[PDB]
Amino acid sequence: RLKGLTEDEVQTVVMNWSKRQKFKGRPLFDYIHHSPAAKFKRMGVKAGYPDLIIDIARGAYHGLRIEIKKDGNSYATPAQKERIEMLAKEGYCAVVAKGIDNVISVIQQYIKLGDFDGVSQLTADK
Amino acid sequence: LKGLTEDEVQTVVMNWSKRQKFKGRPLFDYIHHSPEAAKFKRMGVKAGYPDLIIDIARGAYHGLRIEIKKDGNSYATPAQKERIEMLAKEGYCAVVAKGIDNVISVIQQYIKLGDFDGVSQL
Ligand SMILES: [Mg+2]
Ligand SMILES: [Mg+2]
């Protein structure tokens with residue numbers, strides 16, 4: 001019982017946090033895009049695309065993608081997992097992160113990788 | 001009398017990508033399109049974000065972004081141009097392309113740059 005935060009709530013807090021950080025002289029928020037029936041599919045909209053797009057290359061990666069879950073009792077779907085694998089294979093940092101604190105932590109760690117070098121990973125294995 | 005709509009232009013480009021291959025699968029699989037207003041903005045939706053996201057790094061670029069216009073008489077908004085500048089600055093290939101043929105030609109030239117080398121420009 002007692003429900004946790006909704007996913008909309010988790011994402012909104014993360015965005016509000018990003019408005020208070022800076023990257024290259026502007027709010028980090030400016031570098032974050034959220035990609036929110038049959039027509040959309042033929043228009044190219046991909047089911048299970050990660051919630052957050054961060055268009056900055058750092059360390060080993062060409063960009064950052066985050067699939068947000070509201071808490072630890074929510075799980076990525078097969079389409080989300082497949083899209084994450086496709087992104088990783090193409091050299092993007094693409095991860096599931098659950099809850100506000102973990103999403104913020106990933107964004108912090110990603111930026112902290114430093115300038116693109118094609119080498120520095122988020123984790124030992126990925 | 002009116003030319004093609006932007007929806008129709010984008011759909012033809014997507015249908016074209018379905019018939020192209022990249023690393024064993026349709027090029028279409030690598031293309032993403034991101035489609036009250038206040039809520040979406042505080043959720044992080046950026047007005048003026050390019051229509052087409054291609055999550056492949058080629059030549060000098062970390063990825064490809066295309067702002068589509070339906071024909072030669074249509075032009076980028078200030079927000080669209082600002083986003084394009086931000087993308088280019090971070091090492092993405094970000095362009096305005098107008099009409100079906102030009103959009104397809106940009107995708108063709110981008111893929112042809114080859115594997116990411118950090119130097120080969122469009
Ligand atoms: Mg999610
Ligand atoms: Mg457009």
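Throughout, protein chains are lettered first and strands after them, A, B, ... in sequence-line order, and every chain is numbered starting at 1.
- From A:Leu5, atom CG reaches atom CG of A:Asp71 across 8.0 Å, with rounding to the nearest 0.5 Å.
- Linking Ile, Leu, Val, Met, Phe, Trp and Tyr whenever their side-chain heavy atoms come within less than 4.5 Å puts B:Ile104 and B:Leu113 in one cluster.
- Annotation: A:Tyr61 is not in aromatic contact with A:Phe116 [ring centroid separation under 6.0 Å not met].
- Expressed to the nearest 0.5 Å, how far CD of B:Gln109 lies from CG of B:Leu122 amounts to 5.0 Å.
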B:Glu6 vs B:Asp51, side-chain contact (heavy atoms from CB on, under 4.5 Å): CA-CA, chis, key distance, verdict: CA-CA 10 Å; B:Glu6 190 175 321; B:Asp51 304 289; 3.5 Å; yes
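- Using modelled atom types, one side-chain atom of A:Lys98 and one backbone atom of A:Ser74 make a donor-acceptor pair closer than 3.5 Å.
- For the pair B:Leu64 and B:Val106, the minimum side-chain heavy-atom distance is below 4.5 Å.
- Counting only heavy atoms from C-beta outward, the side chains of A:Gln80 and A:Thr77 approach each other to under 4.5 Å.
- Closest heavy-atom contact between B:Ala79 and B:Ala47: CB-O, 4.0 Å.
- A salt bridge links B:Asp115 to B:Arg58: at least one charged side-chain nitrogen sits closer than 4.0 Å to a carboxylate oxygen.
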Starting from the C-alpha separation in whole Å, work towards a yes-or-no answer on side-chain contact (heavy atoms from CB on, under 4.5 Å) for A:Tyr31 and B:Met86. CA-CA 8 Å; A:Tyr31 292 92; B:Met86 301 177 54; 3.8 Å; yes
Residues B:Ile84, B:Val95; criterion side-chain contact (heavy atoms from CB on, under 4.5 Å); working and verdict: CA-CA 7 Å; B:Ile84 279 165; B:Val95 295; over 6 Å; no
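- Contact check for B:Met14 versus B:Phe28: side-chain heavy atoms found under the 4.5 Å cut-off.
- Side-chain N/O atoms of B:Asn102 and B:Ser105 include no donor and acceptor closer than 3.5 Å.
- If you chain together hydrophobic residues whose side chains sit under 4.5 Å apart, A:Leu52 and B:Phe40 never meet in one group.
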Could you walk me through whether B:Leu27 and B:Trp16 pass the side-chain contact (heavy atoms from CB on, under 4.5 Å) test, one step at a time? CA-CA 9 Å; B:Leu27 179 62; B:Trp16 169 81; 4.1 Å; yes
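- Hydrophobic clustering, with ILVMFWY side chains joined whenever heavy atoms are under 4.5 angstrom apart, keeps B:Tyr92 apart from B:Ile68.
- The closest side-chain donor-acceptor pair between A:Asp125 and A:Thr123 falls under 3.5 angstrom.
- Rounding to the nearest 0.5 angstrom, the gap separating the CD1 atom in A:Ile66 from the SG atom in A:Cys93 is 7.5 Å.
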Going through the distances and angles, do A:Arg26 and B:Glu85 end up as a salt bridge (charged side-chain N to carboxylate O under 4.0 Å, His left out)? CA-CA 14 Å; A:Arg26 60 194 304 167; B:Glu85 279 198 351; over 6 Å; no
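- Judged purely by distance below 3.5 Å, without hydrogens or angles, the side chains of B:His62 and B:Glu90 never pair a donor atom with an acceptor atom.
- Shown here is B:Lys23, whose NZ atom has more than 12 heavy atoms of other residues, nucleotides or ligands within 6.0 Å.
- In terms of modelled atom types and a separation under 3.5 Å, the side chain of A:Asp117 and the main chain of A:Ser120 share a donor-acceptor contact.
- Looking at every heavy atom in both residues, A:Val45 comes nearest to B:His33 through CG2-O, 3.3 Å.
- The pair A:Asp30-B:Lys46 fails the salt-bridge criterion, with no side-chain N (NZ, NE, NH1 or NH2) lying under 4.0 Å from an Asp/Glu carboxylate O.
- Under the 3.5 Å distance criterion, with hydrogens and angles disregarded, a donor-acceptor pair is assigned to the side chains of B:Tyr49 and A:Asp55.
- Residues B:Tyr110 and B:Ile56 come closest through the heavy atom pair OH-O, 2.7 Å.
- Contact between B:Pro35 and A:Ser35 at its shortest, heavy atoms only, is CD-OG, 4.5 Å.
- Side-chain heavy atoms closer than 4.5 Å link hydrophobic residues (I, L, V, M, F, W, Y) into clusters, and following such links, possibly through other members, connects A:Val14 to A:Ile32.
- In terms of hydrophobic clustering, with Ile, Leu, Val, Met, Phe, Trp and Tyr side chains grouped at heavy-atom distances under 4.5 Å, B:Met43 and A:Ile54 are assigned to different clusters.
- Taking all atoms of both residues into account, the shortest heavy-atom contact from A:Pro27 to A:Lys22 is N-CD, 4.3 Å.
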Stepwise salt bridge (charged side-chain N to carboxylate O under 4.0 Å, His left out) test for A:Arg65 and A:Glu67: CA-CA 7 Å; A:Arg65 301 290 185 282; A:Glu67 170 59 38; over 6 Å; no
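- Nearest approach of A:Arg83 to A:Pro50, heavy atoms of both residues: CG-CD, 3.6 Å.
- In this structure, CG in A:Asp101 is found 10.0 Å from CD in A:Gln108, a value given to the nearest 0.5 Å.
- In this structure, the side chains of B:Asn73 and B:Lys69 stay at 4.5 Å or more apart for every pair of heavy atoms.
- Atom NZ of B:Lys81 has 12 or fewer heavy atoms from other residues, nucleotides or ligands within 6.0 Å.
- In the displayed structure, A:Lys3 atom NZ is contacted under 6.0 Å by at most 12 heavy atoms of other residues, nucleotides or ligands.
- More than 12 heavy atoms of other shown residues, nucleotides or ligands fall within 6.0 angstrom of atom NZ in A:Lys19.
- B:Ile100 is not listed as a side-chain neighbour of B:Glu8, based on a closest heavy-atom distance of 4.5 Å or more.
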